[PDB]
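Student: Attaching a single structure in structure tokens format; questions to follow.
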Amino acid sequence: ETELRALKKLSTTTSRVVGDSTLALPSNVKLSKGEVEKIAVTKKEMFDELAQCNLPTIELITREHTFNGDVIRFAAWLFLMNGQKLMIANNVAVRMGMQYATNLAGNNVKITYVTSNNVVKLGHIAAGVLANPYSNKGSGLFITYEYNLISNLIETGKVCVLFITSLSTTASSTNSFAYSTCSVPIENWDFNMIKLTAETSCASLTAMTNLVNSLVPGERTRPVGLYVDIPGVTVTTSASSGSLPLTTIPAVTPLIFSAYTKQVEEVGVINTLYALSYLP
Amino acid sequence: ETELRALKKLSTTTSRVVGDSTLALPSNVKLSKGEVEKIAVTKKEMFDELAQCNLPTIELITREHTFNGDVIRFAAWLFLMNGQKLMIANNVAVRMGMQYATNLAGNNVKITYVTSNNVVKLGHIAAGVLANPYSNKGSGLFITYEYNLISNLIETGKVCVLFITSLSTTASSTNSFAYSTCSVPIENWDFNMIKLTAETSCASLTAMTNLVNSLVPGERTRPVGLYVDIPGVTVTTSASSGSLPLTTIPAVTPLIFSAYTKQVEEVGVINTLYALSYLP
Amino acid sequence: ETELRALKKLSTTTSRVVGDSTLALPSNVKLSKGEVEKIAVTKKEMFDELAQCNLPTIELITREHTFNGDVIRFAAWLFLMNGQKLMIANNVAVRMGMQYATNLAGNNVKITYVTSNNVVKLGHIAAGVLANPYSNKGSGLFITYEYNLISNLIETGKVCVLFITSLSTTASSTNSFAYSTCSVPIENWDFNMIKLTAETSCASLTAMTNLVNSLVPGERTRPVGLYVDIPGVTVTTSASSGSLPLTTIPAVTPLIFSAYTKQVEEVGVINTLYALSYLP
């Protein structure tokens, strides 16, 4: 029975040591920790990027604006946040767990964190003075607090999100524009549930499908529709206006998320920025 | 009877649960899935960045231009594509699987996806009007369809790869430049094979190495040579020019890949952008 | 006897083919290489980003300025290094194992690699002509070789690190500015040790926290203090000057690391850039 004791240890560990052979080990065989350290990218290694002074944790001031050290999302989110050629002025994204966030003009603003049932839900900042109005035919996503941009009316305790778009192709000189809007209660608010989709079926997407079909086949562009998964929200579109719905946003108006692309073809870039901005 | 049964499962799975000690387990020890789910960053976690509404897959429109979710790749490729300080005008990279791609001027246009044997291989777009001609001691890589920038002669069923370079350093006011053009058939085309190398031996590097020797000893620069692994390729490197072989690209000229840097000293980033752009 | 050899294989090999089932296998269940090949993003895949022509290793020139393939390290570091707004002129960071590095004006220059006891400790370059004076009410980190920026005196065989800051908030019109300085020998030099912290206790932080506390309510800002882990280090923090200590630096003055943000609120990006720039 003592043979069982020794032969049992063969299960616990491997006689093999780490090395180049670990790369060439056949796929069917099992692995030890040392080899798995080599083969797969370790969570330590990503944590090792910002590690200084061999501290147990990375610097607090760094963890604030790096999504608590999630470097992978931080890199891609950073460029789309600002520096894109086609984005007008500076896209405004209020990331959670932050002291300051830039506004449309570019001044960093102390963020008013809204607390829901003793839990911080989201924060907003003053819009500031927009550099320029949104000129060309492009799409954009807008999220504001206690305000409706189309109606210019304030609803206390309610968050309204607007999506604007240009149906016509940028090359096509014909001008057709529409938008989708909805108001969400403060309580059941989750950034994850909202997205811009071209495949998932929703009421906004249905409107865009036939609305583009209204235009000539040469100038058609694939529909991009607002989708909201949260209970208690109704998405309302608009008829084909043919003129841009929103040109500028007042500074006094509270702001949560706002991003517009000069051309419509890079509409999906907006959704990517929204996806990266808030962790689910 | 049951002693074999239990002892097999005893070895087969792990009794230990995940925790802090999971990090401190011996390297030679073997591990469970929950342990590996902690130690290494997962496919899901990388996939989790773009996940919305807990959907099985990422959004289609985001899936198109993010290399089908290669967020690790997408971030680095993005800045080199747009916003490089030394890059002139807008370098053009045509990403596969996408409807639109920006041209030199910055106006995004529809892509003509070439299909070979009922299988797509590459896409090209109109060059557009260049913002400014390339005027400095710099190097660039150029890929065009059905055309030869050296001879300005149209091709049929042929894709020509051109690589200009700056023999002198930035400080060396002495002016001398060379190039290495190649033409490849569509049938044998494969992006991954071609690269810019300073160590791998090739015909272009063979000439390029001696060319800097013609320079004064103080003026030497590290050779950078075009290398093509595609069988049936012809590589030609002309003598020193003393002037820029190419100044501007005609708008009607078809384009696939084009990028140039004012300073030759950053020629390496050109290869990186080409490496990032196309998945092997 | 045969059972022992037979049952050993059951230990070493899972005998289960990879698939979606492997994705859904229980966490307690042990797994083979094929699962870890799937479950975790491999070191191979990160190598695959720059992989080309199926070469056993990545290109030399590409690996030189990409931290030898640390793509994610290269990604986030790239945008912060240059191209971001709220950065005066160009941030200058000299990466190790490099031929050229950009100056303040943006022209890349040869790097004098300082080798100590037959080990290359660091490298420095000529500062070049600064584009503009260092704006207003911002913070920055400065590292110079054989020099003292505040004292403008040469110290052979000693490297000095300087930190500047603005106590007052950008919104507050009141003006209060302080700084921290240290002189480090080259022999004990190690990049990873030094950092900007808001939680770790250090002499520089202790001097600064009461200083901003001396400011009236509503004007106080989170203290960010120099912390140096290298033994034999002195840190000095003067009284609140009320005016910017430094505006421009001479071109002839050697420069190791230099970064400055127009707004103080983005102090973290300064530490973030330093953390990314040099591997531990």
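Here, A, B, ... name the chains of the structure tokens in the order displayed, residue numbers run from 1 inside each chain, and ligands are numbered from 1 in the same displayed order.
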Near residue 34 in chain C, within 9 Å and counting only C-alpha atoms, which residues show up once chain neighbours fewer than 4 positions away are dropped, as JSON, numbers by chain?
Tutor: {"A": [26, 27, 28, 29, 30], "C": [17, 18, 22, 38, 39]}
Student: Which of range 73-231 of chain B counts as strand (DSSP E) under DSSP, as JSON, numbers by chain please?
Tutor: {"B": [92, 93, 100, 101, 102, 108, 109, 110, 112, 113, 114, 115, 116, 119, 120, 121, 122, 123, 124, 125, 126, 140, 141, 142, 143, 144, 145, 146, 147, 148, 153, 154, 155, 156, 157, 158, 159, 160, 161, 162, 163, 164, 165, 166, 177, 178, 179, 180, 181, 182, 183, 184, 185, 195, 196, 197, 225, 226, 227]}
Student: I need the helix (DSSP H, G or I) residues of range 64-242 of chain A per DSSP on the backbone, written as a ChimeraX atom specification.
Tutor: /A:64-65,71-81,191-193,203-214,217-219
Student: Please, which residues of chain C lie no more than 7 Å from chain B when the count uses only C-alpha atoms, and can they be set out as a list in words?
Tutor: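 Therefore, the residues near the partner are residues 11, 27, 28, 29, 30, 31, 39, 40, 41, 49, 50, 52, 53, 59, 60, 61, 62, 72, 75, 79 and 83 of chain C.
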